[PDB]
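So this first bit is one chain, no partners, the form solved without 3-benzyladenine, shown in structure tokens.
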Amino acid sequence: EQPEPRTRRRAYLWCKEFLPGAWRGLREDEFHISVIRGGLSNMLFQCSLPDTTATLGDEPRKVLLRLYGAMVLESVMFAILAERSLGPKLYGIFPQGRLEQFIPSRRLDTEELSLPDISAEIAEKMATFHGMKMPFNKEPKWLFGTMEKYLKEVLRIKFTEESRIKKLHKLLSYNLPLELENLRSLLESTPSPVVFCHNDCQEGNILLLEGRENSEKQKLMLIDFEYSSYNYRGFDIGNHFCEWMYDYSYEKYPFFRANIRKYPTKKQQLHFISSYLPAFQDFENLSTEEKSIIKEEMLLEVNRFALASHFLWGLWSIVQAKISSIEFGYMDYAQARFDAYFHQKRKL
């Protein structure tokens, strides 16, 4: 798929001006670009030298253009992860977007999250992410700060369309401000270390790296850290466990499938935190008693913070139903997160 002419022009000039070697002397007529993801927001394009053009130096042959269609924090963070080889390289930054390394890969599918070696490697990559120093606010205000902002916005919302009006009345009927305070009191009493969290560790943000599919422990990269913050570790892991239940590749309305039965079993959760803990702290030398206590208390921690994954994404999704024009059943998704919230409360 070719982009619109204005985009091809701007993309050609960004590549020509920001990228070194063969890019600097490239003509408009030699520029290869194709759409990876369309939309009004966060469009992706592959940009490439001709197969016949030789590289002068170490410049890449293809790059990813990301157009926007908080910017400071996200840009600094992307640049830092690039310097530490924990993200794609940053080739160019300008007001309208970035040029990034193109990483030959695909996203994981929902069903791949439960494969033991995939799950063990996500746990190791998340533990690594959790351990790094970032120049951002270390006070864990992100979680309840964000839920309070969305709740405020949710209580102001008026839909005009019938089906959206009825769905919102059902969600509002739960008394979301009271439920939020009950959730705060539970998590206030749930110790969880503050770490640098991805905050959106789903299959769509996990690369299966082409040519590494036979590697047991090094075939993945976590990407798209735009929601990242210092946050309770319990949130990041609980949120990941929730994502086992949601498949965003469903091609008919509401453009997701939810399956409560797909949440990881205690066995699958122990397999994940058993990879996470050695990678985060050594831990393997502790007594079996201490290891068991730590794991059991961590299962409780992540399953409780899983409630905040449901609550935050539920509220987020109601706001998107108002402000987003993306083809997605936001209100149905909100209801699915709240069904899972009350089911998880009953399970606990």
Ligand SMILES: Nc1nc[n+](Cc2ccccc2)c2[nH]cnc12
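Note that residue numbering begins at 1 and tracks the sequence as displayed. The term rigid core refers to the maximal set of C-alpha atoms that superpose within 1.5 Å between the two forms.
Q: On a core superposition, give the stretch, 190-198 or 157-165, with the larger average C-alpha separation from this form in 9 other deposited structures of this protein (RMS over structures and residues).
A: If we average over structures and residues in 9 other deposited structures of this protein, the farther stretch is 157-165.
Q: Do any residues of the deposited sequence lie unmodelled between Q281 and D282, and which range holds their number: none, 1 to 3, 4 to 9, or 10 or more?
A: 1 to 3 residues are missing.
Q: Classify the number of deposited-sequence residues missing from the model between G69 and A70: none, 1 to 3, 4 to 9, or 10 or more.
A: Count of unmodelled residues in between: 10 or more.
Q: Look up the CA B-factors in the entry and say which stretch, 330-338 or 18-26, has the higher mean.
A: Per the PDB entry, the higher value belongs to 18-26.
Q: Comparing 210-218 with 89-97, where is the mean C-alpha B-factor higher?
A: Between 89-97 and 210-218, it is 210-218 that shows the higher mean C-alpha B-factor.
Q: Choose from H240, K125, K158, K262 the residue with the greatest Cα B-factor as stated in the PDB record.
A: Of the candidates given, the C-alpha B-factor peaks at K158.
Q: Among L299, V319, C47, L40, where is the Cα B factor highest in this entry?
A: Going by the entry's C-alpha B-factors, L40 comes out highest.
Q: By the record's CA B-factor, is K62 among the lowest, middle or highest third of residues in the chain?
A: Middle third.
Q: Should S163 be placed in the lowest, middle or highest third of its chain by the C-alpha B factor in the entry?
A: Highest third - that is where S163 ends up once the chain's C-alpha B-factors are sorted.
Q: Place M77 in the lowest, middle or highest third of its chain's C-alpha B-factors, as listed in the PDB entry.
A: Middle third.
Q: Could you place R304 in the lowest, middle or highest third of its chain by Cα temperature factor, using the values in the record?
A: Its C-alpha B-factor, which the entry lists for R304, ranks in the lowest third among residues of this chain.
Q: Quick check on the deposited entry: does the C-alpha B-factor of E83 sit in the lowest, middle or highest third of its chain?
A: As the PDB entry reports it, the C-alpha B-factor of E83 lands in the lowest third of its chain.
As for the form solved in complex with 3-benzyladenine, it is not shown, yet the points below apply to it.
Q: Find the only residue in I103, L115, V194, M132 having a heavy atom within 4.5 Å of 3-benzyladenine in the bound PDB entry.
A: The option sitting close enough to the partner is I103.
Q: Can you work out which of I36, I293, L299, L56 has a heavy atom no more than 4.5 Å from 3-benzyladenine in the bound PDB entry?
A: Checked against the cut-off, the match is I36.
Q: Just one of 22-30, 299-307, 282-290, 58-66 has heavy atoms within 4.5 Å of 3-benzyladenine in the bound PDB entry; which?
A: Selected range: 58-66.
Q: Can any non-hydrogen atom of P88 be found within 4.5 angstroms of 3-benzyladenine in the bound PDB entry?
A: Contact with 3-benzyladenine, yes.
Q: Is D224 one of the residues lying within 4.5 Å of 3-benzyladenine in the bound PDB entry, judged by heavy atom distances?
A: Yes, contact at 4.5 Å.
Q: Mark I80 yes when one of its heavy atoms lies within 4.5 Å of a heavy atom of 3-benzyladenine in the bound PDB entry, and no otherwise.
A: No, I80 stays farther than 4.5 Å from 3-benzyladenine in the bound PDB entry.
Q: Using the partner position in the bound PDB entry, report whether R184 sits within 4.5 Å of 3-benzyladenine, counting heavy atoms only.
A: No, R184 sits far enough from 3-benzyladenine in the bound PDB entry that none of its heavy atoms falls within 4.5 Å.
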